[PDB]
Amino acid sequence: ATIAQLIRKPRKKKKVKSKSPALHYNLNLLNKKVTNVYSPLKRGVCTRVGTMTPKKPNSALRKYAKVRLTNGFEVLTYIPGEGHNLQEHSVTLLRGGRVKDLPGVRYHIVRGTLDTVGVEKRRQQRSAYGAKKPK
Amino acid sequence: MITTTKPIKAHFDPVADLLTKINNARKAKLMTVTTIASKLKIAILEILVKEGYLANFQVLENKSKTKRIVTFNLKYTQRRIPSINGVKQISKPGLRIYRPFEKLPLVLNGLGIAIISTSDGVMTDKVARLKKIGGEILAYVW
Amino acid sequence: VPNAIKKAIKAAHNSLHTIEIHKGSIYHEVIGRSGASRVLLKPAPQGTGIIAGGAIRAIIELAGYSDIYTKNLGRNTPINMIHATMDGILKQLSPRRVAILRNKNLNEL
RNA sequence: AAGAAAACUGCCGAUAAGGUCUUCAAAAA
RNA sequence: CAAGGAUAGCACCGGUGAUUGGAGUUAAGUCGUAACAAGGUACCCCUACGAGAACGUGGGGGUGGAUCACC
RNA sequence: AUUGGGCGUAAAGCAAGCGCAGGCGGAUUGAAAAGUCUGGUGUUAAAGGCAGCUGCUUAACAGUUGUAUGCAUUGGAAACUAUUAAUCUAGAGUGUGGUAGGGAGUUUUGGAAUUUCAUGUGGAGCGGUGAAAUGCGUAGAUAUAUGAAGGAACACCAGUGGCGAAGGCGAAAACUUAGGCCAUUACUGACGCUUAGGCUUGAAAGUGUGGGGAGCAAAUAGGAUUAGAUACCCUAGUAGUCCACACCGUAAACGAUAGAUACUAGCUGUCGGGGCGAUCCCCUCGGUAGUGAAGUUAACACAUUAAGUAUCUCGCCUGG
RNA sequence: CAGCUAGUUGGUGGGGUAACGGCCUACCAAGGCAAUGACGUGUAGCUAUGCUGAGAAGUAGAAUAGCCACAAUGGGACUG
Ligand SMILES: [Mg+2]
Ligand SMILES: [Mg+2]
Ligand SMILES: [Mg+2]
Ligand SMILES: [Mg+2]
Ligand SMILES: [Mg+2]
Ligand SMILES: [Mg+2]
Ligand SMILES: [Mg+2]
Ligand SMILES: [Mg+2]
Ligand SMILES: [Mg+2]
Ligand SMILES: [Mg+2]
Ligand SMILES: [Mg+2]
Ligand SMILES: [Mg+2]
Ligand SMILES: [Mg+2]
Ligand SMILES: [Mg+2]
Ligand SMILES: [Mg+2]
Ligand SMILES: [Mg+2]
Ligand SMILES: [Mg+2]
Ligand SMILES: [Mg+2]
Ligand SMILES: [Mg+2]
Ligand SMILES: [Mg+2]
Ligand SMILES: [Mg+2]
Ligand SMILES: [Mg+2]
Ligand SMILES: [Mg+2]
Ligand SMILES: [Mg+2]
Ligand SMILES: [Mg+2]
Ligand SMILES: [Mg+2]
Ligand SMILES: [Mg+2]
Ligand SMILES: [Mg+2]
Ligand SMILES: [Mg+2]
Ligand SMILES: [Mg+2]
Ligand SMILES: [Mg+2]
Ligand SMILES: [Mg+2]
Ligand SMILES: [Mg+2]
Numbered sequence: 002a003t004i005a006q007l008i009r010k011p012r013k014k015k016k017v018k019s020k021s022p023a024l025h026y027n028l029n030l031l032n033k034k035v036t037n038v039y040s041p042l043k044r045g046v047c048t049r050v051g052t053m054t055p056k057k058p059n060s061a062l063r064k065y066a067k068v069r070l071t072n073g074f075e076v077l078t079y080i081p082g083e084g085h086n087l088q089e090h091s092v093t094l095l096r097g098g099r100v101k102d103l104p105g106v107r108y109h110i111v112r113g114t115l116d117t118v119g120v121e122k123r124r125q126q127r128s129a130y131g132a133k134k135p136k
Numbered sequence: 001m002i003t004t005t006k007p008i009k010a011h012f013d014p015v016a017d018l019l020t021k022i023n024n025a026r027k028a029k030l031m032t033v034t035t036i037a038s039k040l041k042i043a044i045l046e047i048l049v050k051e052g053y054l055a056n057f058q059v060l061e062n063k064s065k066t067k068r069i070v071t072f073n074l075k076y077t078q079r080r081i082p083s084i085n086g087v088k089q090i091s092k093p094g095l096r097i098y099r100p101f102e103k104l105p106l107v108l109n110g111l112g113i114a115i116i117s118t119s120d121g122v123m124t125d126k127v128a129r130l131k132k133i134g135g136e137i138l139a140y141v142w
Numbered sequence: 111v112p113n114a115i116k117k118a119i120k121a122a123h124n125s126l127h128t129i130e131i132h133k134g135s136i137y138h139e140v141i142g143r144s145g146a147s148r149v150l151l152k153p154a155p156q157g158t159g160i161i162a163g164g165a166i167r168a169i170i171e172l173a174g175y176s177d178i179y180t181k182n183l184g185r186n187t188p189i190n191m192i193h194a195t196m197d198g199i200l201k202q203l204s205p206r207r208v209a210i211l212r213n214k215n216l217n218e219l
């Protein structure tokens, strides 16, 4: 613009927002304050499981799941892999991600971590889906 | 002697006034231009003709000694293409540019000339380097 | 493809511009403008290599130049990059012609 | 000789989803 | 002198709340067809009223409007 | 996006003006030396940083020497900015002399046309539409002739036009009043540009009080059309449109282009002042248009009234 | 987040502090800061430095090193 104008009101940078906000909140519990501490992966229970149709180009049955992370925040998460065991009260561990078809889901149910049995009968990409060695 | 017919006006900033005059004359293939004369503008023209981008620069005065106008011409070759390629002023009014000697710029790897007025009027970048003294940077001329 | 290939082949054969090199690199820093495309070319010391990418890298290799600093400051359309790159290289001034005109000594200060 | 010449109106709504098709110029005894 | 205690009323901030407002996303739903051509009443902006709804009309403002036309 | 971006059609020029503080700012002389440049000294802890070397089988690593950055003080430089002491007119104003305007407010006046009423003639429709029907009419309508009352707006002139910062300004007159163009052997002598905040104005609709109401017409009623019609058509029809005083402060308030300054081909119009003296036409200085090259743009296009070459200042933009 | 500050601003004599000082005292006054952002809110130990960047700089203040603050919370004092 102008040197004098920019001296008065400097250039304010645009902000940055996270993609997994619910994953960076830690509840102390003894004081009940929410601080902003970044964390790779966290844990959460489950309050509903079932089916839900996808967006437009892709149409197919898909499994979703609601969660109640260690903190006090609920987010809808998708059940990855084939075959599931969640039953309205099974602990789980969640990470970052984004399923394009389903709107709102922004985390992935880590497979074979806590109360989720790893999807057996899996060879290729067995590390991601919690599977040991068939040998 | 030299007579005129038109009124002579100038912008308040003496470096970019000359630069606009020079660029327009270069682009339009024009030869004779006029502007108001100031000692800074006179001095900057003094260093340009020794370095060879314009041929003549003539300043005249009235019969009362209260107003002076300098009328310079550009150095076109036979095929009518100028020696000046582009001029750009750094220390515009408001934001004045001050660089020490060690940070004295080199215009187009020394092909162009940089106008620097340290303490003894305007002086080309190379002779400024020779004297190891820096200061005000007027304009880039190449 | 074969047809269009040989067409462009002959096409370039017709419109070939002449390029002068100084010690394998570009003499003075230059900005090539073509539409909304601006390509910055900068002299480089002998050894850095072609720091170009895309249309500019092809042009620099095909021209003969070795060491060259470039950055694409604009669009990513190959035709405009080639237009901007060639404009920057064709407006270049030789260290000789300048002083000749300028009535100086070859390259001497 | 300077002419012209003239509009005219009823009514008339909608069309399920996702979808091909450019394989490639390397260039040819 | 003074931590602390009791009483008292303002100030700022947070959570929650029956009920309610709109919003986005969405399955193929239900009533029209408002806009894109002169979109079948040219369109758009401000404003006031009215109507299931898109929207209709009055006032002002624009061509970012079609046809039309001149040897 | 200081280096390193933009605001006509893609996000972005406030509706316009008067403007304090701030930023920027004509030419010349003198001083100081606050910026600016440079020399000396001090310091900027060590580790890390970069260069060289050594030692671990080389490395990673460790050690080793070198290696800046800023601040303060002191000694000089005087080109530019800033300060101060003064001069000049070319910037901008003032006066005198020419001069064009629907510029604005207040108070009066005038004629067409509509409506209503009054008086004659007259005798069956008028009105309305795509076609009709509500509606008006033997209580004599429509029509024709005269007169009276009242309100609103001012044909032609009227434009390949004028004025104002914008909104806007068009019957006639008076009073008050604003700005502008041209020539200046006159005068002050930089007094200038922009403008956060502030103030003023600001289409139409809308509000409050009191008048006014001819015509027109949101809302509303009926007749049509329609599958339905709360719409397009028709017949009625209140607020409103009008005036005075108070508010509201929004518009595609558009040239979708902030203001100021200097420069940059040309051609065709048209308007004003000035020069000559029948017009017409020629030249000069300005305002308003068309065409048009360099130049700019993504293109459309702009192009001396720029969106071109540049400066100052303000406002604004950062995916949907 | 537009006013804030009544020991807040100044003088006087005295006391106290290693020392100057409204640090404290009695009297006399009404000032001081603030649109060049007081005050309020939120946040945070600061720096040398780490990572990144061509550069301007952005980012975190690992380890370690300098300075500050703290020792269940809130106050007071002895010794030196
Ligand atoms: Mg019919
Ligand atoms: Mg339907
Ligand atoms: Mg329609
Ligand atoms: Mg219709
Ligand atoms: Mg329509
Ligand atoms: Mg109903
Ligand atoms: Mg209606
Ligand atoms: Mg309307
Ligand atoms: Mg109606
Ligand atoms: Mg209208
Ligand atoms: Mg941009
Ligand atoms: Mg826009
Ligand atoms: Mg405007
Ligand atoms: Mg606007
Ligand atoms: Mg003004
Ligand atoms: Mg001022
Ligand atoms: Mg000056
Ligand atoms: Mg150190
Ligand atoms: Mg080391
Ligand atoms: Mg009559
Ligand atoms: Mg009104
Ligand atoms: Mg009805
Ligand atoms: Mg009617
Ligand atoms: Mg009312
Ligand atoms: Mg607006
Ligand atoms: Mg308008
Ligand atoms: Mg044009
Ligand atoms: Mg957004
Ligand atoms: Mg803390
Ligand atoms: Mg970078
Ligand atoms: Mg540390
Ligand atoms: Mg730590
Ligand atoms: Mg403890």
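Just so you know, the protein sequences line up as chains A, B and C, in that order.
When we follow UniProt numbering, the leftmost residue of the first sequence carries the number 2, and every step to the right adds one.
When we follow UniProt numbering, the leftmost residue of the second sequence carries the number 1, and every step to the right adds one.
When we follow UniProt numbering, the leftmost residue of the third sequence carries the number 111, and every step to the right adds one.
Virtual Cβ for every residue (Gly too), placed ideally from N, Cα, C.
Should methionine 123 of chain B be labelled buried (16 or more other beta-carbon atoms within 10 Å of its own) or exposed?
Locating residue 123 of chain B in the second sequence gives position 123, where the first residue counts as 1. Buried.
Can you list the residues of chain C that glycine 52 of chain B reaches, using a CB-CB cut of under 8 Å?
In the second sequence, counting from the first residue as 1, residue 52 of chain B sits at position 52. Residues of chain C passing the Cβ test: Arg212, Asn213, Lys214.
Grab the span of the alpha helix (DSSP H) containing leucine 183 of chain C for me, first residue to last.
Mapped onto the third sequence, residue 183 of chain C falls at position 73. Run containing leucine 183 of chain C: none; DSSP gives neither H nor E here.
With H, G and I counted as helix, E and B as strand and the rest as coil, what does DSSP make of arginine 69 of chain A?
Counting from one through the first sequence, the residue named residue 69 of chain A turns up at place 68. Three-state result, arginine 69 of chain A: strand.
In its own chain, which residues sit with a C-beta less than 8 Å from the C-beta of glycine 134 of chain B, not counting the 5 before and 5 after it?
Along the second sequence, read from residue 1 onward, the residue named residue 134 of chain B stands at position 134. Answer for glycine 134 of chain B: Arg99, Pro100, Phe101, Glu102, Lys103, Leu104, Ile116, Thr118, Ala128, listed in chain order.
Can a CB atom of chain C be found closer than 8 Å to the CB of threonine 34 of chain B?
Reading the second sequence from its first residue, position 34 is the one you call residue 34 of chain B. No, its Cβ sits nowhere closer than 8 Å to a Cβ of chain C.
Less than 8 Å between C-beta atoms, sequence neighbours within five positions excluded: which residues of the same chain meet that for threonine 114 of chain A?
By 1-based counting over the first sequence, the position of residue 114 of chain A is 113. Excluding positions up to five away in sequence, the list reads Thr93, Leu94, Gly131.
Decide if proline 14 of chain B is buried, meaning its Cβ has at least 16 other Cβ atoms within 10 Å, or exposed.
To locate residue 14 of chain B, count along the second sequence from 1; it is residue 14. The residue is buried, with at least 16 neighbouring Cβ atoms inside 10 Å.
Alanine 132 of chain A - DSSP class collapsed to helix/strand/coil
Your numbering for residue 132 of chain A matches position 131 in the first sequence. Three-state DSSP puts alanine 132 of chain A in coil, outside helix and strand.
Once you ignore the five residues that flank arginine 69 of chain A on each side, which residues in its own chain have a CB closer than 8 Å to its CB?
Here residue 69 of chain A corresponds to residue number 68 of the first sequence, with the count starting at 1. Around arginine 69 of chain A: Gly45, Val46, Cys47, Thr48, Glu75.
On a CA-only basis, which of A:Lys16, A:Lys33, A:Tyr39, A:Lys18 is nearest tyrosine 26 of chain A? Give me that one, please.
Numbered from its first residue, the first sequence carries residue 26 of chain A at position 25. That would be A:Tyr39, whose Cα lies nearest to the Cα of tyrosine 26 of chain A.
Inspect the beta-carbon positions of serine 176 of chain C and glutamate 130 of chain C and report whether they are closer than 8 Å.
Working through the third sequence from its first residue, we reach residue 176 of chain C at position 66. Working through the third sequence from its first residue, we reach residue 130 of chain C at position 20. Cβ atoms of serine 176 of chain C and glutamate 130 of chain C: not closer than 8 Å.
Would you kindly work out how many angstroms separate the C-alpha atoms of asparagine 109 of chain B and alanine 154 of chain C, rounded to a whole number?
Translated into the one-based positions of the second sequence, residue 109 of chain B becomes position 109. Translated into the one-based positions of the third sequence, residue 154 of chain C becomes position 44. Each residue's alpha carbon lies about 12 Å from the other.
Among B:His11, B:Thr71, B:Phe57, whose alpha-carbon lies nearest the alpha-carbon of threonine 4 of chain B?
Locating residue 4 of chain B in the second sequence gives position 4, where the first residue counts as 1. When each option's Cα is compared against that of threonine 4 of chain B, the closest is B:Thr71.
Short-range partners of chain C found in the region 77-90 of chain B, where Cβ spacing is below 8 Å:
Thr77, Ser83, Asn85
Chain-ordered residues of the region 109-123 of chain B with a beta carbon less than 9 Å from chain C
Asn109, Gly110, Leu111, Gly112
Can you give me the C-alpha to C-alpha distance between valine 87 of chain B and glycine 112 of chain B, rounded to a whole angstrom?
Here residue 87 of chain B refers to the residue found at position 87 when the second sequence is read from its first residue. Here residue 112 of chain B refers to the residue found at position 112 when the second sequence is read from its first residue. If I take the Cα positions, the gap works out to 9 Å.
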